[PDB]
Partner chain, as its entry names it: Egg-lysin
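The chain below stands alone and is given in structure tokens; this is the form deposited without its partner chain.
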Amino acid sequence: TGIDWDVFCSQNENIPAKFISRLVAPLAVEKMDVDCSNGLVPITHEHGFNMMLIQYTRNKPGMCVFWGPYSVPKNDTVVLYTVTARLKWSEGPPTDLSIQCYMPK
């Protein structure tokens, strides 16, 4: 895959999660967008690296708020927050990412 990434979820709704991605060089990236509950948010990589904060709540600059919370079929002890990112390439099919953070409740 052309992208290295992970999500670092927080323990508290006031502390945003951090979405971190690095592009692997050529074929290059046309654009990258994150679908957030508050709208579609573009991402730019400086020299191929980006760290994005994703907020669990609305309280509060390019901001992206998680979709959620969601209930999950098996476990009644957690809820899901999520967004999705789409990065389009100059040549090829797009990469679609699922960014998931569970929070207690």
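Positions refer to the first chain, counted from 1. Only the largest set of C-alpha atoms that superpose within 1.5 Å between the two forms is called the rigid core.
Unshown form solved in complex with its partner chain; subsequent notes refer to it.
Using a 4.5 angstroms limit between non-hydrogen atoms, residue 88 is distant from its partner chain in the deposited complex. Within this chain, residue 50 lines the site of its partner chain in the deposited complex, having a heavy atom no more than 4.5 Å away. In the deposited complex, at least one heavy atom of residue 41 sits within 4.5 Å of its partner chain. Fitting the two forms on the rigid core leaves the C-alpha of residue 48 displaced by at least 2 angstroms between this form and the one not shown.
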